[PDB]
Every structure is written in structure tokens, then in C-alpha cells.
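Chains as they are written, first to last, in the deposited numbering: chain X, 69 to 156; chain e, 103 to 154; chain n, 3 to 58; chain p, 2 to 179; chain a, 52 to 120; chain d, 2 to 176; chain r, 1 to 459. Cβ coordinates follow ideal geometry from the N, Cα and C atoms, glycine included.
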Amino acid sequence: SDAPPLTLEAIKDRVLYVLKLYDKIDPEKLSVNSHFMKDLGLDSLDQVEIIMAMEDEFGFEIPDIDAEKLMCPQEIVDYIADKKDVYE
Amino acid sequence: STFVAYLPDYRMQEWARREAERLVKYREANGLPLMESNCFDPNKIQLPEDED
Amino acid sequence: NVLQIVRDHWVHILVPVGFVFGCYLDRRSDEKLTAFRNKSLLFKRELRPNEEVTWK
Amino acid sequence: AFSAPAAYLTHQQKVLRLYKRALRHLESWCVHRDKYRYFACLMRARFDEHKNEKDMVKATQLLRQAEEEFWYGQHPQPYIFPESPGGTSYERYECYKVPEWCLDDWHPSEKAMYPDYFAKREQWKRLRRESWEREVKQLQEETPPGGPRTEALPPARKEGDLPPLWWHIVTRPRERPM
Amino acid sequence: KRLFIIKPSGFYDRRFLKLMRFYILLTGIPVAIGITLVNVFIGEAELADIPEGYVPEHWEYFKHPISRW
Amino acid sequence: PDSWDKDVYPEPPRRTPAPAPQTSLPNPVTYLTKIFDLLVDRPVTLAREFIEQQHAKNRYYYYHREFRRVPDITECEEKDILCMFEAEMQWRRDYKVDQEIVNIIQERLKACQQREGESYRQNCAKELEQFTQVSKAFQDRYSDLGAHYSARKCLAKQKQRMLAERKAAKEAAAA
Amino acid sequence: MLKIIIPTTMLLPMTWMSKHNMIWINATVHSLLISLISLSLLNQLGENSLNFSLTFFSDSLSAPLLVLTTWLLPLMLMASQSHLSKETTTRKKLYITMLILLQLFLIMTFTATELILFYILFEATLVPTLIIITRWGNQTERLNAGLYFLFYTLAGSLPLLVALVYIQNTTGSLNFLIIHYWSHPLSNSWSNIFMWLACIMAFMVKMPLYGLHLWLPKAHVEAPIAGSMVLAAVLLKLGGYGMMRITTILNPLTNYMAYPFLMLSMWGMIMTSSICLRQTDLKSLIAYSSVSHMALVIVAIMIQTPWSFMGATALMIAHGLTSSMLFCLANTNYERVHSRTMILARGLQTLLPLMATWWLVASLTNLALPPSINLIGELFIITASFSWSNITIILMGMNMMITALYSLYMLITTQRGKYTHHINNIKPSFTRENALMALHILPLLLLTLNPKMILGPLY
Ligand SMILES: CCCCCCCCCCCCCCCCCC(=O)OC[C@H](COP(=O)([O-])OCC(O)COP(=O)([O-])OC[C@@H](COC(=O)CCCCCCCCCCCCCCCCC)OC(=O)CCCCCCCCCCCCCCCCC)OC(=O)CCCCCCCCCCCCCCCCC
Ligand SMILES: CCCCCCCCCCCCCCCCC[C@@H](O)O[C@H](CO[C@H](O)CCCCCCCCCCCCCCC)COP(=O)(O)OCC[N+](C)(C)C
Ligand SMILES: CCCCCCCCCCCCCCCCC[C@@H](O)O[C@H](CO[C@H](O)CCCCCCCCCCCCCCC)COP(=O)(O)OCC[N+](C)(C)C
Ligand SMILES: CCCCCCCCCCCC(=O)SCCNC(=O)CCNC(=O)[C@H](O)C(C)(C)COP(=O)(O)O
């Protein structure tokens, strides 16, 4: 058929995969609730690059107003799940 | 719709076709022209005497 | 019991009766225009041994 | 699309938006990944060169110059995601979206199939009917006297309240309805 | 999984369509059968010359039985 | 078939060549034609035979209607309404008959063009000549009458044409 | 032809004697039966007309118009009973009485053998229409619409009365057969020019000719649905019928008096088609469509050829059916949302699919898709105009492109897109509305199957 029914666990796994392929973020020190500015010490440009990396991974763009707000991987996963009607 | 489809031929299309077939047959055999420019016999028409 | 049925659905004969009355009046009107019956140069005809008029 | 907008954008917001636009158009120009990475690193270095300018006037002048350069050098046919507002599948599934109120007009024979679904629907409708007045009154309390100044809505705060004006956000048709 | 598909009520349009089909067929199947029976068992007239002394009826100038009737 | 007169609608004697096979291979067209014959043409023929058998048991005739000739519009007084009516009806019938004559000629022309194939420009000269003649005659008789045409307007057109021809002939005589 | 007139006069007391809850049923059934009876008038001759009596005759031009009138009555009855449900019994009977009287006047108008009787009936058709518009319209503009409808008509029709009585004093008769047989040419004098204008302007304003059409959008928008149906389908064709009748005595003066009306018709056809492209009211768009099609009919009548007369007859019948169907389609949405604005209710194909199919078929016939009789008439008129002058194809060509544009604009604006979010009262289509659309559309294609029944006497 078509693509499988994307789930929250898969979304979180892919988000963490992309974030751990980032050279400016240490893998183990990164957690699902880690903040980009406070905990990881990244500036705004790094956040923009992360948002673009998420867009490439899932194949869909995120509006700038919405993109600016997400600060931790939990917010990214929640936004993706709400966008694609993922409930399980 | 059925009634209109089966209305009798009061427009005389087939009658006219058969009459034309008879006329064409008769005129072709005799060597006469198929059709005539004048539909009225000139012998029954009286033109004005003077044209000057 | 047909009393109520008739008093409820007697309005259903007005239009057919009007239709037959109109047919009758059309026949009557045709009856007054026979001044040239069997008299046209195209349709003039000798009568049959039994019939009286060529059309009604 | 989900957040309420603000009265205006800030200078850093404009710089971030220009940075994203320039990166996307450069990726459109640089089809291959390694070349894109090279020129994207160059672009990031160029962006963060003037990061520490304390004169806001010269910062806005540089932003103006950068926007003019972007407009001159943009890709005439940039890559668009298929479901983005210019993509090939932008509004493809909008014709399959049917509002939920249409179910109220189904014939009882149609509703004879799916009994449990309609029982759940009745429960949801009762929930909305019970929560409406509390939502309205909470909005009345939290609204400043001179009317609202933004399009942001307050959440639920009380025992079993619901966030006001939730019915048409929660009961969206779907993204792939049929 | 199997999800519910929200659609407008398709009952009334289908009911109208089947009612229209029923009535049209109800009156048009007998007509088609009658036309076929007439054509098979009562053919069309054959063109012939008027015999001497005979004056045909006005309906005797058409060839199809239904048109003649 | 005998349904139509073959003098009004003539056709050439229909020369077709005999088959001359020059290959050891079979001809698929012949095999397909035999199959089509045995599978389609025979049941249809049997159904037609049954239908004609049923038809022969009920035979009746319809007659072409005959019309006499009445005085033309030239033999009618100026305000005589009845003679004018009969003349107008006869003229309308003749107009219909002339249209059908032109139709027959056009059918001949089209059939010739299809039949002669790649040699139609030379092999259909006679039909084209006949159509040109009939078209010229028909055009003189009825063209430009317009809507609300009548026998009187046709007579006026003919009188005008005769007057012009007489003047042209008399002026050419003086040459 | 009293076998058709008398049953309608019997429809009158049948309605006024019916029970309070059977008026619609009785009226519909007996109207349909009367239409079936009138179907017998299609058996026409090839040379002369059917001369029933000294008073009534049936031609090959008026028989399809009579059939259209008798068929339109039941459709108006079905279309009216929805929005008249809260009305009292007496007023419902009065509404049906108005409709029946309108049908009777129309039936007698198309078969009158004399021009003065034709005038009296063609003018008597005003009172029921004016009463219907000004009494059962919805908005306050209906009063002004009634005034515009009345005075535009009468200011054209009164000089016609003067000219008719003058002609009868001159030639001794107004009987159409005598007029045709004893026709004499019109000289080129100011008296004859003004006689031509008096004999033509009433029918011109009835079509209506461009520049004299301002009454039509008002009257056709402000009327109730049955009023709009009968105004677009039958009452506009009175002008065309009367013009084809009266032009018998106007030759050879027409040869040059037709120029201003021809230029007005062609250019105003372009203008009204363009007006249809920017219209916020859905009913006004259909009204301006009617104006464009009638401009084509005017051109066909003015150039005076057999092909143009055939095209005019076919186009009049086709337009009547198509425009009535379009008005009913718009009225369904109006009854749902109580607004005429076209961009209010959108994406209706999602909510009402079968009604969307009806919309598609109606708008396809509006743009004259072949082999519909709409296109047969339009193509005959275009060929006749091309023979008249080869440069008309440009104007005619522009019109075809524009008509397609605005027809599909209407379709896409109303049916496609996304449904307006706030409108939640769009109930499923009733059986009555679907039957109304089917009874509009099926006769169109059935007539396409046998087109010589609507091609007029010049066939
Ligand atoms: C579903 C509704 C939903 C909504 C939709 C909207 C609906 C709206 C409807 C509104 C109302 C409309 C009513 C219309 C009224 C009009 C009726 C009418 O006038 O009839 C005309 C016409 C009848 O002509 P006629 O003038 O009465 O007869 C003259 C002769 O005398 C006759 O000659 P004959 O002596 O040879 O007799 C022939 C006879 C007998 O013929 C035969 O028996 C021979 C046939 C061949 C068989 C041979 C082989 C088979 C057997 C072999 C094996 C058995 C034998 C051996 C046994 C052993 C086996 C090995 O057949 C007939 O009698 C004709 C058939 C009757 C049809 C009547 C139509 C009435 C319709 C009214 C109802 C309307 C509603 C529809 C409902 C109807 C039901 C669905 O009927 C036809 O339509 C004929 C069409 C068939 C011709 C072939 C097609 C040619 C294709 C060319 C085009 C190619 C391009 C591709 C396009 C293809 C598309 C088709
Ligand atoms: C919902 C699903 C839809 C799709 C499924 C449909 C299934 C198939 C059914 C569709 C039928 C296909 C049509 C194909 C044509 C076949 C019928 C045709 O052959 O009949 C014509 C006949 O058609 C009729 O003549 C036309 C019908 C008349 C229309 C009048 C409408 C009735 C009045 C209604 C109110 C009027 C309003 C308009 C006022 C003017 C032939 O005319 P004609 O060449 O002669 O016949 C020669 C032999 N005769 C003369 C001996 C009979
Ligand atoms: C807004 C839409 C309204 C509807 C449109 C109605 C159309 C009405 C137009 C009338 C068409 C023609 C009318 C008269 C025919 C010829 C017109 C005239 O200009 O031609 C010349 C006329 O010459 C001069 O023009 C004299 C007329 C000048 C006075 C007329 C006033 C025109 C001014 C425009 C006023 C607007 C009129 C419409 C009001 C709304 C021809 O020379 P002549 O051979 O000698 O006259 C022919 C008659 N003869 C043979 C008896 C001698
Ligand atoms: C394909 C062709 C298109 C490419 C053309 C585009 C060319 C443009 C390149 C040059 C433009 C610049 O760099 S213009 C640089 C403008 N400089 C400033 O604004 C100084 C003050 N800094 C801030 O406002 C924030 O710190 C901020 C820097 C926004 C970061 O935000 P965070 O750190 O808080 O995330």
C-alpha cells in the first residue's frame, strides 16, 4: 500500500536520530526534554538549521512563526504529530 | 416521445423524394435538362411592350 | 360510503369534461366552414356510390 | 499556521527569515548535497560575520542590502515541498474534507450502520453543550475592557474546564480524510 | 486500522435516482416490447400502385403500422 | 437491391480482381472471414428469414399520393384569393420537389467521389457537370427570395431576369 | 383548438373548489395532462398552417411555443409550493389562478389569426405577471421592478396599436393569411419609416434589444421563482414570434432599417456577455445571459433568411428550457442560505453531488455544447450572418468565447473550492428539486434526438 501509519515513537526516534547526527550537539548529553538555548547552548541560527533538518527528514515544511517557538525535541515531536494527525 | 417519434409524414418528405425520383428518371431518359431556370412557362407571361 | 369520496374528488372530472367539450365545439366550428367541400380544383372528386360527404 | 501572529516582526526575526530563505534558494541552485553543504557553510559564515553590530542603523542597512541581493539572485523556480502553498499537492485533498455537522442529516437507515460511532458522537455533543457557557464566561473574564489586542486564546484553568473555542479546532476533518 | 469516513447523506440522491429509473422503466419496457412485437408480427406496408376506381383512405398513404394507426 | 431504381442512382459495373496467392503462408484474412461468416452472417440470416416469413403472412400496401395540376400564379387575377391559394400551394410543392432533385444529384456526386478513390478528379467529371447545371438552375429559380418567399416574388424575379435578357439580346443584335 | 383552451379554464374552478391540502396535486396532474394533449399540435404540414377556425390557427412556429408553455406550467407549480407553504389557502389559490390566467393568455396569443387580437392577448399577459412580481416578491425593490416592467413594455406597445389600426384602415384586414397573400412593398418615405418603427419597437423592447433591456434584470431578479421561470422561458419569446409575424409587411424597407438594431444587437451581445464576467448576484448573471442569447435571436430575425429563421426558432426553445433550469438551480441555493450573493456558499459539490451534476449539465447547455439544440440554433444563426457579411464571425466568435468563460465561471464559483465554514444548514436535496431539474433537462436532449420539431416553418 502507501507509507505505514507513522506513530509517535517513530517520530521521536527520527528526531533524536537527526539531532544526534548534529556535530554541535553531544549525543549522550542530549535528552528528549533538552532545551536548545539553555541546556545545549545553541544560538538562533543553529535552531533554524535544526528546523530545516527536520523539514528535510519528514518531507514537509514548517512555517516560520511556528518554527521559531519550538525549543526542545518534545515540542518538535508534538508539532509533527499534531500536523500529521498522529494519535497512537 | 413515442407519439412524436411515430407521427405520420404530413410534411411530405417521402412523397417529395418519390416525386423527384420520377421526375429525374423521366428527364434523364428523354435527354431533357434536369432542371429549368424558369419555373413559369413564358407563354403565359406578357412582358411590357416597350423597354426604351 | 362513496359520498365522502365523491365530495372529496369530484374536482377531477372538470378537466376531462372540458377536453371533451372542446372537442365537440371544434367539430361544431368545423361544421360551419364546408362552403368548399369537394370543390377545390386539386381535390374535386366524384362521390362513391354510398358516401354522402367527402369529409365531416 | 497554529500560532497567533504579532503586531510586527523584530529585527532578529527578519534576519532569521532571510537566512532560511537564502539557504533554501541556495539549495535550489546547488542541487547536489556536498556543494550545498560547502556553500551553506560559506553563507553561515557570511551571516555571522556581522553578528556583533551594536549600531542598529547599520544592521538594518545591511539587512536591506542583503534582501536586495537575495531578490536579484533568487532562483526563478525554487524547490517547493509538495504540500506547501505553491506545491503540486497543496490543496489536493480539500475536496475530500467534509464537515462533521453533515452527519446530523444522515437518514436513520444510514445511522443504523455504525451505532457505536454515533453514540460516541452524542457523548461529544453533550460535552460541548455543557462546556459552552463556561467557555464564554471565562473569555468574558479574561478579556481586557478595550477588547482583545491579540488573537491568542486562554487555556482552561478550573476543575473540569475546557479551553474556550475548541470545538472546531479539535474536530478538524483530517489531513487525509478519505 | 479502519477509520470512519465522513460523507454527506447519499440516501436521498440514490432514492431519487431509483424512483426515476423505476417509473421510466415501468412505462418504457411495455412500450419497447409492444414496438418490437408490432414490427416483428405486423411489418411495414409495401408500396403499390393505386388500382383503377379505388380511392384510398387518408391513413393508407403511410407505411408504418404505428404511424398509420 | 431492388429497393431503389438503379437508373436514378447508377453505379459502374463493379469489376473486382480474383485472388492470386503468391506465398506458401496462409491468409489470416480469409480464415477470419470464414469465421465471421459462419458465426455472424448465418444466425442473422436465419433471424431475417423468420422475420420475413412472419411478414409475408400479413401483407398490405400504401400508395404514393397523386396531385393534379392547377392553374399557376400567372393565370390568377390580382385579388382572387382562392386561385392564389391553390397556386401558392402548388408552387410550394414544386419547390420541395426541386430541393429533392438537387439532393439526389448531390448524393450521386458524393458517391462518385468516394467510389473513384485517387482518380476522382478525372472520373467524376460528369457528376460534377450535372451538379453545376442543376445548381445553376436551382439558384436562378429560388435564390435571394429570402424568408417570406412566395410564388409572386418568384414570378417577379423571373420577369426581371427575362427583361434583362431581352434588353441584352436586343442590344447585342444592334452590334 | 378549444380542446386545449377549455381544459385550462376548467383548471380555474378545479383549483378554486379543491380541498385545502390537494390544490398542488390537482393542479400539477391536470397541467401535465393538458401538456400531453397539447403535444398533438406538433403534427404540422409542409405547405400551409393548420386553420382550426376563423379565430385560431397553428403554424410550425407557434406549436413548439405552445408545447413549451403547457410544459412550463407544472414545473412552475412544483417550484412554487416550497416557499408558499406558510401562505394561507386563499392566497395560494390566487397564486395558482394568476399562473393559470397567464398560461391561458399565452396559449391564445400564439394562435390568434388576427393582429389586433394578438395584441390584446400579448398585452393582457402583463397583469398576472405584474401582480405576481409585486405581490409575491421578497425584497422592497419588487415595486420598482414592476414599474420598470410595465412602462418599458407599454411605451413600446401603444404605437404598435396605432400602427395596427392604421394598417387595418388602409388595407381592410389584419388577418395574417390575408396580410401574407396580399402583401405589397413599402416605399422609402418618412411615413413608412415611422410605420416600420411603430411596428417594430414593441417587439424590440420585449426581446429586449440592447439599450432597452434595463427592465429585465430588475424584473427577473425581484420576481419569485415561477415569475422568473415564465419571464425568461416564454414571455421573452413573444417579441421574437411577433417580429417574425410582422416582418411580412415590412419589406423592402427592412433592408436598411435593420442596421442600427443589428449593430446594437451584436455589440450589446458582447457587452452583456462581458457584464456576466463581473456579477456578484447569481440571478443577475442568468438575466444578462438571457439578454445575450436574445440579441442573437434579434440578429437572426433581422437578416431575414430561412436559415436565420430556423436558428431563431431553435434558439428560442433551447434558451427557454436552459434559462428556466438555471433559475431553478439558483433558487435552490437561495432557499438554503437566503442570499443571492454568488461567493457566499461555495464548494457545494462536496455537500450536494447530484445537484452539482445538474449544474454541470445546465451550464454545458448554456455554452452550446454540440449536438444540443442550443448549438444547432447558434450555428444556423452564425452561418446566416456569415452569408450576410463575412466580418460578423469576429463578433460572433468573441461571443462564443465569452459565454463559455462566464458559464464555467459560474460553475466553478458555486460548485468547486472549499465549502464556507460558517454555513451548516445545507440540507440534502429533496426529491422535488431533483425531479424539477430532470424534467427541465431530459426534454432538451430528447429534442436533440429529433430537431425538425423546433426548426420552424422554414424547414
Ligand atoms: C434507464 C432510464 C434512466 C434515465 C435515462 C433517460 C431516459 C429517457 C427516455 C424517454 C423516452 C424515450 C422514448 C424514445 C422513443 C423512440 C422509439 C423508436 O422510435 O424506436 C426506433 C427504433 C425502431 O425503429 P422502427 O422504425 O420502429 O422499425 C422499422 C422497421 O419496420 C423494423 O425493422 P424489423 O422488421 O427488422 O424489426 C426489428 C425488430 C426485431 O429485430 C430483430 O429481432 C433482429 C435483431 C438482430 C438479431 C439477429 C441475430 C441474433 C439472433 C441469432 C440467434 C437466434 C436465431 C437462431 C437460433 C439458434 C442460435 C444459433 O426490432 C425492433 O422492433 C426495434 C426494437 C424496439 C426498440 C423501441 C424503443 C422504444 C423505447 C421507449 C422506452 C424509453 C425508455 C427506455 C426503456 C426501454 C428498455 C430498456 O429503435 C431503435 O432504437 C433501433 C436501434 C438499433 C440499431 C442498431 C444500432 C446502430 C449503431 C450505429 C451507431 C454506431 C456508433 C456508436 C454508438 C452506439 C450507441 C447505440
Ligand atoms: C440515469 C442513467 C442514464 C444512462 C443510462 C441510459 C441507458 C440507455 C438509454 C439512452 C438512449 C440512447 C439514445 C439513442 C437514440 C435511440 C432512439 C432514436 O432512434 O429514436 C429517435 C426518435 O426520437 C424521437 O423522435 C424524439 C423524442 C421527442 C421529444 C419530445 C419531448 C416530449 C414532450 C415533453 C415536454 C416538451 C418541452 C419542450 C417544448 C418544445 C429516432 O427518430 P426517427 O429518425 O424519426 O426514427 C425513424 C423511425 N420512425 C420514424 C419510424 C420512428
Ligand atoms: C438606446 C436604444 C434605443 C433603440 C434604438 C432605435 C433605433 C432608431 C434609429 C432609426 C434608424 C433610421 C431612421 C431614419 C432612416 C435614415 C436616417 C437618416 O439619417 O438618413 C438620411 C436622412 O438624411 C438626413 O439625415 C435627414 C435626417 C436628419 C434628422 C434626424 C435626427 C437624427 C439625430 C439623432 C437623434 C437620436 C434619435 C434616437 C432617440 C433615442 C438618408 O438621407 P435621405 O434620402 O434624405 O432620407 C431618406 C428618406 N427619404 C427617402 C424619404 C428622403
Ligand atoms: C541563492 C541566492 C540567495 C543568497 C543571498 C543572501 C545574502 C545575505 C548575506 C549577508 C546578510 C547578513 O548576514 S546581515 C547580519 C545583520 N546583523 C545584525 O542583525 C546584528 C545584531 N544581531 C542580531 O540581531 C541577532 O543576533 C541575529 C544575528 C539575527 C541572530 O540571532 P540569534 O543568534 O539570537 O538566533
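> For the region 11 to 42 of chain r, which segments carrying the alpha helix (DSSP H) assignment without a break, of at least 4 residues, lie completely within its bounds, in sequence order?
Replying inline: 23 to 38, all fully within the region 11 to 42 of chain r.
> Three-state secondary structure (DSSP) at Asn104 (chain d)?
Replying inline: helix
>> Looking at the strands, I want to know which residues DSSP matches up with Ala232 (chain r).
In response: According to DSSP, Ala232 (chain r) bridges with nothing at all.
>> Among d:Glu166, d:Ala176, d:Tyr96, whose alpha-carbon lies nearest the alpha-carbon of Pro144 (chain e)?
In response: d:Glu166
> Around the Cβ of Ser429 (chain r), are there at least 16 other Cβ atoms within 10 angstroms (buried) or fewer (exposed)?
Replying inline: buried
> Can you find a CB in chain p that lies within less than 9 Å of the CB of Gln349 (chain r)?
Replying inline: yes
> In chain a, what lies closer than 9 Å to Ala145 (chain r) by C-beta?
Replying inline: Under the 9 Å cutoff, chain a gives no residues; its nearest Cβ is about 34 Å from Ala145 (chain r).
>> Taking 8 Å as the cut-off, is the C-beta of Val82 (chain a) nearer than that to any heavy atom in ligand 1?
In response: yes
> Residues of chain r with CB under 8 Å from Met137 (chain e), in chain order?
Replying inline: Residues of chain r passing the Cβ test: none, with the nearest at roughly 19 Å.
> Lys137 (chain d): which of d:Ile106, d:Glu117, d:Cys113 sits nearest, CA to CA?
Replying inline: d:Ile106
> In whole angstroms, what is the alpha-carbon distance linking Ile426 (chain r) and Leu16 (chain n)?
Replying inline: 41 Å
> Can you list, in chain order, the residues of the region 115 to 136 of chain p whose Cβ is nearer than 9 Å to any Cβ on chain a?
Replying inline: Considering only beta carbons, the part of the region 115 to 136 of chain p lying closer than 9 Å to chain a consists of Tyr115, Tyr118, in chain order.
>> If I measure Cβ to Cβ from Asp281 (chain r) and keep anything under 6 Å in the same chain, skipping five residues before and after, which residues do I get?
In response: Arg340
>> Out of d:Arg93, d:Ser25, d:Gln54, which one is the CA nearest neighbour of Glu47 (chain r)?
In response: With distances taken between Cα atoms, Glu47 (chain r) lies closest to d:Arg93.
> At what residues does the alpha helix (DSSP H) containing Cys199 (chain r) begin and finish?
Replying inline: 190 to 206
> Alpha carbon to alpha carbon, what distance is there between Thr172 (chain p) and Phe119 (chain p)?
Replying inline: So the two alpha carbons sit approximately 15 Å from each other.
> Does DSSP classify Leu216 (chain r) as helix, strand or coil?
Replying inline: helix
> Helix, strand or coil: which one does DSSP assign to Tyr63 (chain a)?
Replying inline: helix
> Are there 16 or more other CB atoms within 10 angstroms of the CB of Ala258 (chain r), so buried, or fewer, so exposed?
Replying inline: buried
> Considering only the beta carbon of each residue, do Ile286 (chain r) and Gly240 (chain r) sit closer than 9 Å?
Replying inline: no
>> Please confirm whether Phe38 (chain n) has its beta-carbon closer than 9 Å to some beta-carbon of chain d.
In response: yes
>> Using the Cβ count rule (16 or more neighbours within 10 Å means buried), how would you classify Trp72 (chain p)?
In response: Counting Cβ neighbours within 10 Å, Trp72 (chain p) comes out exposed, since fewer than 16 surround it.
> Beta-carbon separation of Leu42 (chain r) and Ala63 (chain r) under 9 Å?
Replying inline: Yes, the Cβ-Cβ distance between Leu42 (chain r) and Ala63 (chain r) is below 9 Å.
> Taking all protein chains shown into account, do 16 or more other C-beta atoms lie within 10 angstroms of the C-beta of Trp215 (chain r), making it buried, or fewer, making it exposed?
Replying inline: Classification for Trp215 (chain r): buried.
> Ends of the alpha helix (DSSP H) at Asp28 (chain n)?
Replying inline: 16 to 32
>> For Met163 (chain d) and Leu149 (chain e), I'd like the C-alpha separation in whole angstroms.
In response: 8 Å
> Name the chain n residues whose beta carbon is nearer than 7 Å to that of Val71 (chain d)?
Replying inline: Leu43, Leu44
>> Please report the straight-line C-alpha distance between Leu150 (chain r) and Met207 (chain r), rounded to a whole angstrom.
In response: When rounded, the distance between both Cα atoms is 14 Å.
> Which word fits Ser90 (chain p), buried or exposed, when buried means at least 16 other C-beta atoms lie within 10 angstroms of its C-beta?
Replying inline: exposed
> Quick one: any contact between the region 55 to 69 of chain a and the region 350 to 358 of chain r, if contact means 3 or more CB pairs under 8 Å?
Replying inline: yes
> What's the call for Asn333 (chain r), buried or exposed, on a 16-neighbour Cβ count within 10 Å?
Replying inline: Answer is buried; the Cβ neighbour count reaches 16.
>> DSSP has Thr341 (chain r) in a bridge; who is on the other side?
In response: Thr341 (chain r) has r:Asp281 as its beta-bridge partners, per DSSP.
> Would you call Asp73 (chain d) buried or exposed, if buried means 16 or more other Cβ atoms sit within 10 Å of its Cβ?
Replying inline: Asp73 (chain d) comes out buried.
>> What does DSSP give as the partner residue(s) for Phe57 (chain r) in the beta ladder?
In response: Its beta-bridge partners are r:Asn51.
> With 9 Å set as the bound, which would you pick, yes or no: does the beta-carbon of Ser99 (chain X) sit closer than that to a beta-carbon of chain p?
Replying inline: no
> Can you give the beta carbon distance from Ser35 (chain r) to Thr9 (chain r), rounded, assuming they're within the 8 Å contact cut?
Replying inline: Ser35 (chain r) to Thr9 (chain r), Cβ: 16 Å. No contact.
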